[PDB]
Amino acid sequence: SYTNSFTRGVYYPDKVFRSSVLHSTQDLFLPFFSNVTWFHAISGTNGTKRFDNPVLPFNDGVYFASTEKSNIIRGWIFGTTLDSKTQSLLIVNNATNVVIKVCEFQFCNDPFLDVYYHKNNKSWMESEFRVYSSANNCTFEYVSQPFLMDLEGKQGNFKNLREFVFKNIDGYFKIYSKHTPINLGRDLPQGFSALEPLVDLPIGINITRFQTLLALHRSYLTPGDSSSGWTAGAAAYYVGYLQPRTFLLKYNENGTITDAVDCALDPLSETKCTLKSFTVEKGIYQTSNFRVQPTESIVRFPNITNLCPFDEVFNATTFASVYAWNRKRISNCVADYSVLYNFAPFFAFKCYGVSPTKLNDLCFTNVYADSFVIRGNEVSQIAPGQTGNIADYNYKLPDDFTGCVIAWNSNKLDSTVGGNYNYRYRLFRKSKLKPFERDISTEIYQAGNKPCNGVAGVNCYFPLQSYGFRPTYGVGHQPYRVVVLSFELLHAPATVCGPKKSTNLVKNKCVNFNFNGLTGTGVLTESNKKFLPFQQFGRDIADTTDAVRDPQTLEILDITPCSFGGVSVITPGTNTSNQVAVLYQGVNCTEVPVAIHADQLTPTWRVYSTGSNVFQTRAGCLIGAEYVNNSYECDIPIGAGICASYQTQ
Amino acid sequence: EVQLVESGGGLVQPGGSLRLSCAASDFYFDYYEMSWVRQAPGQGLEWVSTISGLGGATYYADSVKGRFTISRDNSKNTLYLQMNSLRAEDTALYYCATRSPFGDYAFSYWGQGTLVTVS
């Protein structure tokens with residue numbers, strides 16, 4: 001069977017408490033106005049005619065919904081193949097408790113739960129159990145006490161809809177529930193209630209099949225007890241598959257989900273998901289996405305596994321002085337900066353240019369590392385713009401520097417009682433220095449009078465002044481070993497990226513790919529372009545890229561927009577009505593179905609603009625109105641024409 | 001504000017070689033990495049090879065990997081580009097630009113350019 005599923009099934013995205021906000025999350029929700037199955041049930045026969053619908057495939061989620069009573073439906077069977085393969089989640093509801101035993105069960109083709117009479121049992125109902133066959137390897141076995149089937153009891157409980165949403169998204173089987181009565185004489189409510197959170201038993205087994213478990217009073221495998229009330233029964237369980245879609249959920253002051261927008265529906269939903277509101281006004285508003293709904297995210301970040309020897313350029317025998325900085329060029333590495341926080345807590349981790357944290361994602365080309373030691377009084381002079389003693393006549397740093405200077409105290413080994421006279425610095429220079437220079441000159445400086453001809457006499461001295469560190473000095477004079485990391489970004493294949501894992505390269509399908517920091521959403525197809533273009537003349541002020549290079553193999557992939565074409569929605573305000581209009585900028589009223597791909601969209605949009613009441617406009621094809629050959633007043637700017645709309649009627 | 005005057009070759013024969021030249025006058029920066037950009041008629045512009053300014057590393061492209069060699073010398077403040085084995089595909093107007101290693105991918109010292117064709 002097939003019916004219409006009204007707007008219902010919106011759950012809480014995450015567990016973070018929020019209020020009076022509008023968060024547009026991207027999870028596995030139920031598409032509004034979808035086609036759910038009103039699968040009924042029968043009785044009498046146990047072997048073949050036990051029900052009406054066989055096992056249903058579990059793709060991403062199931063929106064369970066039943067309106068029966070007397071506790072008929074008290075179970076939801078989950079599993080991959082359900083036959084001695086993987087752990088089968090068996091959520092069997094009981095009189096007072098609910099068993100969520102995740103164990104290996106051999107579910108037969110006809111799973112039924114015989115009705116057990118209410119007596120004093122051993123805190124469970126294992127007396128009547130013919131749904132499964134065996135159980136050997138039992139995993140986590142949540143035994144939550146509160147009833148899962150029903151919550152409250154009243155006179156409107158007979159029409160109460162016990163709805164449940166299931167999803168095993170990488171670690172947690174998020175279950176939801178909302179036990180609310182329906183108005184008398186209605187199968188599905190016309191409200192916009194939301195399912196409250198529930199148990200989150202952590203599992204990791206994949207689910208590919210779903211089966212609704214029913215109950216029977218007495219079975220005899222005869223047609224006489226098929227539909228009689230006693231020893232028989234019948235029920236219905238609505239099933240709706242969840243697809244990846246974006247939803248804008250409204251929050252109240254008490255932290256509950258209010259009315260939401262499908263955002264994958266009639267173009268008014270895309271108008272709601274581009275203004276982040278719920279009451280739109282009269283105005284031509286553009287839409288970009290949320291109508292193709294990509295399903296998989298490609299990373300393909302690294303190509304190597306060898307860790308980077310950052311410890312080699314961070315803890316050596318003895319770093320050189322300030323006038324000779326050891327530049328160790330590092331390439332073909334893995335940028336794992338997690339070891340930078342769990343080894344000898346430093347003084348100041350000041351990362352300029354880029355954010356101090358979130359460095360394990362942004363990938364660079366080559367990473368340089370310096371190594372010198374200065375006093376504590378000048379640990380801040382090594383920074384973009386800062387001047388002083390070591391920042392005027394020694395190692396410096398440019399204004400634009402997307403690196404991270406890091407220092408730490410070293411009074412332990414870099415200071416002796418007698419005096420560590422090895423470390424020296426330059427203070428006698430004629431002119432200034434330029435960034436990344438190594439002046440190792442050991443000449444004699446003289447600028448006040450005639451040169452001493454290199455004798456170091458009166459008013460003539462050596463530029464290197466031994467500032468030997470002593471343990472009796474204060475924290476301002478203690479030696480500090482400072483490493484100046486330099487992160488370059490050249491137009492070359494990157495060699496040192498973060499520890500991000502790899503994925504599968506999906507072709508000819510809308511995905512969310514982030515190869516080397518180029519976060520872009522688009523269909524990746526194979527192109528005949530010889531080499532990857534490098535747009536640098538116009539700088540691409542209001543334009544994005546069109547092609548990227550795969551970091552694993554040297555293949556040239558082309559970035560094509562999934563569903564676009566310059567779609568501008570015309571809505572005369574949600575306050576007036578819900579009669580939206582669609583405008584496609586740059587079509588010819590014949591290429592519109594192939595432009596926005598009118599083949600894998602929502603059925604509510606396959607009737608709004610395909611070929612009905614089209615009009616050829618200079619900007620494109622305004623589909624959704626009628627070109628009335630009359631005169632009107634100023635309306636929403638479409639580009640041309642003031643023809644029929646929600647005005648005047 | 002430095003102008004990168006380019007020279008070295010205007011026309012060559014298929015299967016030959018000719019050294020180019022890119023001299024910078026007011027080039028006080030010693031870390032700005034220099035590179036070459038070729039724009040053939042038809043499709044857009046591509047990348048030939050770059051020279052790291054912080055050190056002395058040189059990175060080449062995939063088509064000109066083992067046929068093009070580069071060299072930099074700050075004493076005379078110029079850039080040289082060799083063109084060994086120009087068989088059939090090295091027909092483009094090569095440009096000499098310069099950008100900082102720390103920043104965006106766009107250049108900041110777009111020069112005039114020089115044409116090199118083999119036919």
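Residue numbers in this text run from 1 along the chain shown.
Structure determined by electron microscopy, 3.7 Å.
Cβ coordinates are placed from backbone N, Cα and C, and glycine is handled just like the others.
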Record-annotated O-linked glycosylation site (source Swiss-Prot) among candidates A:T279, A:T295, A:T553: A:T295
From A:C452, A:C562, A:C589, partner that Swiss-Prot gives for the disulfide involving A:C510: A:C562
Candidate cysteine (A:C273, A:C308) that Swiss-Prot pairs with A:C263 in a disulfide: A:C273
Of the residue ranges A:54-76, A:491-513, the one that Swiss-Prot records as region 'Disordered': A:491-513
Candidate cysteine (A:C404, A:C460) that Swiss-Prot pairs with A:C452 in a disulfide: A:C460
Contact between the region 'Disordered' (A:593-612) and the region 'Disordered' (A:218-234) (at least 3 Cβ pairs under 8 Å, separation 6+): no
Count of other CB atoms lying within 10 Å of the CB belonging to A:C634 (disulfide bond): 6
For A:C562 (disulfide bond), nearby residues of its own chain (Cβ under 8 Å, 6 or more apart in sequence): A:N289, A:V292, A:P294, A:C510, A:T521, A:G522, A:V523, A:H597
Recorded stretch, among A:145-157, A:218-234, A:252-273, A:491-513, maximising Cβ pairs under 8 Å relative to the region 'Disordered' (A:291-307): A:491-513
Intrachain residues whose Cβ lies under 8 Å of the region 'Disordered' (A:491-513), provided they are six or more past its termini: 292-302, 308, 330-336, 338, 359-367, 519-526, 534, 548-552, 562-563
Densest Cβ neighbourhood among A:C103, A:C138, A:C333, A:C460, A:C510 (disulfide-bonded residues), 10 Å radius: A:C510
Residues in the region 'Disordered' (A:145-157) grouped by DSSP into helix, strand and remaining coil: 1 helix, 0 strand, 12 coil
Closest of A:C273, A:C404, A:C452, A:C621 to A:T648 (O-linked glycosylation site), Cα positions, disulfide-bonded residues only: A:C621
Those recorded positions of A:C103, A:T295, A:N588 having Cα within 10 angstroms of A:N137 (N-linked glycosylation site): A:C103
Close approaches to the region 'Disordered' (A:218-234) from elsewhere in its chain (Cβ under 8 angstroms; 6 or more beyond its ends): 40-47, 70, 72, 112, 114-115
